[PDB]
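Take a look at the structure set out below.
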Amino acid sequence: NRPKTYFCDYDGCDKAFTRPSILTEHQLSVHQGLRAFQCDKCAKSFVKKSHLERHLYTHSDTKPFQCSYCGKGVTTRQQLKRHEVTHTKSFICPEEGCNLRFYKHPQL
Amino acid sequence: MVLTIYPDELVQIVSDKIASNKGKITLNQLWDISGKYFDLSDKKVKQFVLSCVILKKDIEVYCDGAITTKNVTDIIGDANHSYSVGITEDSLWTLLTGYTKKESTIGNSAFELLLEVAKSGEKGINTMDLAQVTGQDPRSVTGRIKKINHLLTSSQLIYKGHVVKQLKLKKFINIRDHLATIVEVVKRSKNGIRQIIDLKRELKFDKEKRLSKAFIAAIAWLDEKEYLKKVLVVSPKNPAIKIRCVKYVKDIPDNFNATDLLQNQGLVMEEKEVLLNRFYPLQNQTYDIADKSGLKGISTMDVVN
Amino acid sequence: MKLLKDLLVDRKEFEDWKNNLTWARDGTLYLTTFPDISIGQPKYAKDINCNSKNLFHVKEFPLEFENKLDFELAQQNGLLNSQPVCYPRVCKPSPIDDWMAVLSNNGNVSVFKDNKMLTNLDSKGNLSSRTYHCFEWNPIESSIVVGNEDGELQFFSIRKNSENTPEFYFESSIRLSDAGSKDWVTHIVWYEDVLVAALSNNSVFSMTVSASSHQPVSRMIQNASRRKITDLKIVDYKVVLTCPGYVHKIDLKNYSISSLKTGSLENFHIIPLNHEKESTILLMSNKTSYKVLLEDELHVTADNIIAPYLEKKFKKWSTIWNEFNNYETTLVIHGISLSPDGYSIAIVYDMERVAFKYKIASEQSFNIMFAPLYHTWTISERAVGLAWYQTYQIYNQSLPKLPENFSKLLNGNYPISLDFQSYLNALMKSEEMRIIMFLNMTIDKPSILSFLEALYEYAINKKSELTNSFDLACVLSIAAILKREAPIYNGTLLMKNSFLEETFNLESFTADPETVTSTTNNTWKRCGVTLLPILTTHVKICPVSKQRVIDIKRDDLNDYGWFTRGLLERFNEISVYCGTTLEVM
Ligand SMILES: [Zn+2]
Ligand SMILES: [Zn+2]
Ligand SMILES: [Zn+2]
Ligand SMILES: [Zn+2]
């Protein structure tokens, strides 16, 4: 919506941003080499609250997305969708007019 | 053993206790608070102590939600209705914020957030339990908390897998290191130029006027000591729209962000070193310059200057 | 040493560029801001943290004026009742007593105690004789001189102050002007025994003024002249005055005259460095300042005392508000004043561009700079309370010059037994009492043992009159803390408050200065002067030692005796520990 009208000034940086706090998040993270959210359970650190929140689940068994078929736990919707698509007849015969459909790619 | 205090010191302590517990306390809580410092084993002491509290104009007495104005001995003996004691709203405002409701900059919603931190005291409240207890979302809580971040001590903590900060009322940056960073940041800027307002914004010296003053002084010192040069850049289409920038020089051994304008050709760099006619009325003078400036017109900042 | 950070007065205005700052005996600053006075009320704090705001708190002082020249039509002064809505034009505190006098815009002088008016000065005569233009306080005794539009220096003097509100009454008037002349008084200065006064036509008169003489010799030291007297001061009996382009020095020991060109027409303020070995003055103006040594000959020398700081501040400001040197700029001084002890100076000023300024009240602001005038300093008998602390802080906490035999500590010899209320006066007039009061501002735990010995000696002598129970209780308390024998008496004391009464064995008052236990097994703390139990919700608090004092004007149940009544009536406002005014609730 609103136009990108805050330009990073550093040598060899191309980026422009919508609102000045975001330009500052970029500058402190990329160019100065500082981060604002530390893991309690390992050495790593993160640039956003949502990124530390994802990393915190990785230290735990009670992972926040749970499979509808097998009940395996995962941390975000992309992982869930890819995993659940393995519980489907995903693959299709690529050859002309052939009707068949398959569950594991080596079968196809 | 009863702790020794002067007769009027309890008025301070009861005010602090009342301001902590959201503006009102029960008579039993008042007696519990008093029992630490006076021997309430006898009604004679109770009558004396309750008078000290009722005598301060800032303090109010209530009964089943209504106001009460009987004699102090009547409040001790007339133990029939539900009774509570509190402080006038303007006084509660003043005791917590330092300003009266009539002039204070804190909004009602934000003041209620402050009252929750006041109730929690030494324990304080994490931003999510605060959010749940007040009954509003984290965006709203965060946008409101800005108005009171000067009154509250805070730090990061992890709670229910979410990342949150603790808040406590206070009662429960060295610029000399950063000069090297200011020179290196300008040194790393495109063509060795950076807007001073944008440089303040990068290092986050914009959060407090205290930090702003420190930054402006540092830039001036680096200019005087010849590590940097203050320079203007002028909009090729507008001589009044000029950008205050720092230029890199050597290594250490008007407020609009113009990073938009610096994207143009903008080559009008300038390294740093009144028409008023008495006889014709001011009307005709603004008219004459507005005419002489032609079809492109003139800005109010050009006319006044 | 570095100077304290300036006190930033905001949203206040001044109506004219005259000297507007005065500094009272108790350390209170007075600024004649328009339309209401701004008082730099003094406060105590040990963590000053280099900031003057921790010493002075600024608040509006809305006095109320009533005008005796109202109803009366203006004559040869057309401006007299021109603006009928009064406002303060001049404001001076007492140098020895403790009052304030103010010249209203319509030319009345009115005298005040805090925010309460005492009296409006008036005397019989024509409309011009009743209208005042300058006033000054006697540096030795309770009296005031006022210069009127008839050219008469009129005297008023003060009585009734011990019994009731001080009566100011008319005494006499020297007509300093020539017979039938229309010139009027503009300045008066009064140092030790010599009074010096200047009329509008620049004629100046020096005379010895004393209670012992009815006939002061009005010797005119400077003839009527063209050049206006901008400022006038007495400096080690030398009179000093300044005019556009000139400084004139006169010696009153022989009435001889001398002059030096100032080299500029900007107004010069005369700052007399009274404590220096050689009579010396700093001259101050909005563009330059220098030191004139007043020996037999005059001299020009560097203002190394004050100028370097102002130049630094002015360069600092210029670096932000005139970075291109685009504008001519000036240091506008709205007032300058010496501390009551004379060891420090306060300058009220702002930096401004010469331009088409259209200011408004909300944008106006001023910096007050406090600075030390010497390398060494001492207590003074004029200044009291927080005034000592102010100098101590301004000198970067450097301690004052203590006596070599006394460096409690000294407890000087007291061979006295004067009448009781006056005995407490003589006691507080002593040098040893003053240094004790200052020491309490520096040590970790305040004390008054030296003072208690004076009351012990009085009670021990007056044994035949210690008949009252409370009076005996006070004496017993003093004896026990002092480790000197307690006078023989027996029985129980009774003390009361508005709801509760407690009986105490006189022996229950142990040697402990902190607490006492009642016969009902209830504990209570002791008062900071009479040592009695603090049972009432009406004590005043000491801002230095945090001790409590019982307000004798508020108590209406305790049957106090002559010793207790006399102690409290003498310490109902002034702190026994530090001379500061006690806070009230
Ligand atoms: Zn970048
Ligand atoms: Zn981790
Ligand atoms: Zn699954
Ligand atoms: Zn197929």
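Chains as they are written, first to last, in this note's numbering: chain G, 17 to 124; chain U, 10 to 314; chain X, 550 to 1134. For every residue, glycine included, the Cβ atom is placed at its ideal position computed from N, Cα and C.
Beta-carbon proximity list for residue i, same chain, < 8 Å, skipping 5 on both sides
i	result
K105 (chain G)	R117, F118 and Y119
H121 (chain G)	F107
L212 (chain U)	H187, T190, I191, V194 and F224
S221 (chain U)	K209, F214 and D215
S164 (chain U)	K174 and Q175
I206 (chain U)	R253, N264, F265, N266 and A267
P147 (chain U)	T136, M137 and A140
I307 (chain U)	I298 and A299
Proximal residues to residue i (C-beta, below 7 Å), its chain only, five neighbours per side dropped
i	result
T714 (chain X)	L667
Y236 (chain U)	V192, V258, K259 and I261
Any non-hydrogen atom of ligand 2 within 7 Å of residue i CB
i	result
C55 (chain G)	yes
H71 (chain G)	yes
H75 (chain G)	yes
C109 (chain G)	no
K60 (chain G)	yes
Residue of the options minimising C-alpha distance to residue i
i	options	result
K31 (chain G)	U:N293, U:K246, U:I250 and U:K199	U:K199
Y941 (chain X)	X:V1065, X:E953 and X:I928	X:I928
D25 (chain G)	G:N17, G:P19, G:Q48 and G:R18	G:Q48
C1091 (chain X)	X:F1058, X:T1066 and X:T1129	X:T1129
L1116 (chain X)	X:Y1007, X:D671 and X:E720	X:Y1007
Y681 (chain X)	X:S692, X:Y963, X:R638 and X:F717	X:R638
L552 (chain X)	X:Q946, X:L1042 and X:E1063	X:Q946
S692 (chain X)	X:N675, X:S678, X:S677 and X:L670	X:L670
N823 (chain X)	X:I855, X:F563 and X:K787	X:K787
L843 (chain X)	X:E609, X:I855 and X:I830	X:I830
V903 (chain X)	U:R287, U:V283, U:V94 and U:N266	U:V283
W739 (chain X)	X:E720, X:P611, X:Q625 and X:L781	X:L781
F614 (chain X)	X:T577, X:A594, X:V660 and X:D785	X:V660
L948 (chain X)	X:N954, X:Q624 and X:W937	X:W937
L578 (chain X)	X:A1035, X:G1110, X:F1053 and X:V897	X:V897
CB contact flag (residue i, residue j, <8 Å)
i	j	result
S37 (chain G)	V63 (chain G)	no
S834 (chain X)	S813 (chain X)	yes
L101 (chain U)	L160 (chain U)	no
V753 (chain X)	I770 (chain X)	yes
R203 (chain U)	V255 (chain U)	yes
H75 (chain G)	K57 (chain G)	yes
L1031 (chain X)	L1001 (chain X)	yes
Contact test: residue i Cβ vs ligand 3 heavy atom, cutoff 7 Å
i	result
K88 (chain G)	yes
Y257 (chain U)	no
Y119 (chain G)	no
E217 (chain U)	no
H171 (chain U)	no
Ligand 1 heavy atom lying under 7 Å from the CB of residue i
i	result
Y108 (chain U)	no
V194 (chain U)	no
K31 (chain G)	yes
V46 (chain G)	yes
Coil, strand or helix - residue i by DSSP
i	result
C114 (chain G)	coil
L1025 (chain X)	helix
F1058 (chain X)	coil
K31 (chain G)	coil
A227 (chain U)	helix
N669 (chain X)	strand
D559 (chain X)	strand
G884 (chain X)	strand
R1103 (chain X)	coil
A746 (chain X)	strand
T1113 (chain X)	helix
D87 (chain U)	coil
beta-carbon residue i near ligand 4 non-hydrogen atom, thresh 7 Å
i	result
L116 (chain G)	yes
Cβ shell of residue i (< 6 Å), same chain only, five flanking positions each side left out
i	result
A75 (chain U)	none
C109 (chain G)	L116
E1051 (chain X)	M1044 and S1067
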